[PDB]
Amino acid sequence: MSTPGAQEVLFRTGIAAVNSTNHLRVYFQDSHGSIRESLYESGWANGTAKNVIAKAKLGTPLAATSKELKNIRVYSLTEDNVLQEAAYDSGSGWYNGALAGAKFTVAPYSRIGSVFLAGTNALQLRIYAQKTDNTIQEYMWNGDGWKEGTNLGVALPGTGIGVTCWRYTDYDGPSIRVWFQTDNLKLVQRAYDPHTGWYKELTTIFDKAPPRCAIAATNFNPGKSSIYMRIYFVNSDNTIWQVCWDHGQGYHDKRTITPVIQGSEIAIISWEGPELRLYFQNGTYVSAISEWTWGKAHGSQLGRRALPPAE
């Protein structure tokens, strides 16, 4: 039970997504290795072979980040496991970013996380990937070329990488949180705040997760020394689980959210409300990408059953 379009979507494809409020873009890999863009603009569209923005190694990790939908960056691996960047800016179309020119080689099993730094009109990027020594390496662009940032230490080979960024309204710089899996299979957090920089502490957010389980995170409603974060990962019950940080309660909830196929990748986006949108494969038309939604109006509800090009 599939469709011609759904068959084009790679099984266990990497998934990434960006948005400006409820204006959405979702990136995935097709069965021939091309990275495609589906979009939501008061309705779903595209995701076809005419909507290719990049070509990457089969089974590549995918990450994306944006400033609204004015600047979009999509990260993947070349067949030589070099980090590369597909870039879009308003009124310039899609092009190759400078990242690949830096020739950052990572482990073949590396994932990728990516954020624009929040709370500034400047375009500042932090990318996170896994080197062949299994450490999680930050790579950065601040208008003075691509270079290595901070190394966050050793993770499980092939760990998922979740990352989110915001700016506290009472701080003068960005806060970054990065989640990954350690050798003991725990899910942990590294943290960056202004002034303190990277905290030394690793915080456990889940005791045991499947090896190389997908990890994805978002945040909403930043305020005065306050944030709200959601981290998603694929658990051993073949569902996405959610971990909640809420100002006033800290890390205080772990729940299953929705079923997925074995080994599904995941992507999360959000906007103020909060509105949450989760993307994953749950077996709809075998290989189509499905959507899960959260909003105040209706709470947890499945969304678009089969993203373009499935139907």
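The numbering used is simple: start at 1 and walk along the sequence shown.
Looking at mean Cα B-factors across 248-256 and 276-284, the upper value is held by 248-256. Relative to its counterpart among 171-179 and 89-97, 89-97 has the higher mean temperature factor, C-alpha atoms as listed in the PDB entry. Reading the B-factor column for the CA atoms of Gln137, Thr78, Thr105, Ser236 in the entry, the top value corresponds to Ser236. When the C-alpha B-factors of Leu202, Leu187, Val82, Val74 are read from the PDB record, the largest value belongs to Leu202. Remark: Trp294 belongs to the highest third of its chain, ranked by C-alpha B-factor as recorded. Annotation for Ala54: C-alpha temperature factor in the lowest third relative to the rest of the modelled chain, per the entry.
In this PDB entry, the Cα temperature factor of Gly162 sits in the bottom third of its chain's modelled residues, the lowest group. Per the deposited record, the Cα B-factor of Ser110 falls in the lowest third when ranked against the other modelled residues of its chain. Sort the modelled residues of the chain by CA B factor and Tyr228 lands in the highest third.
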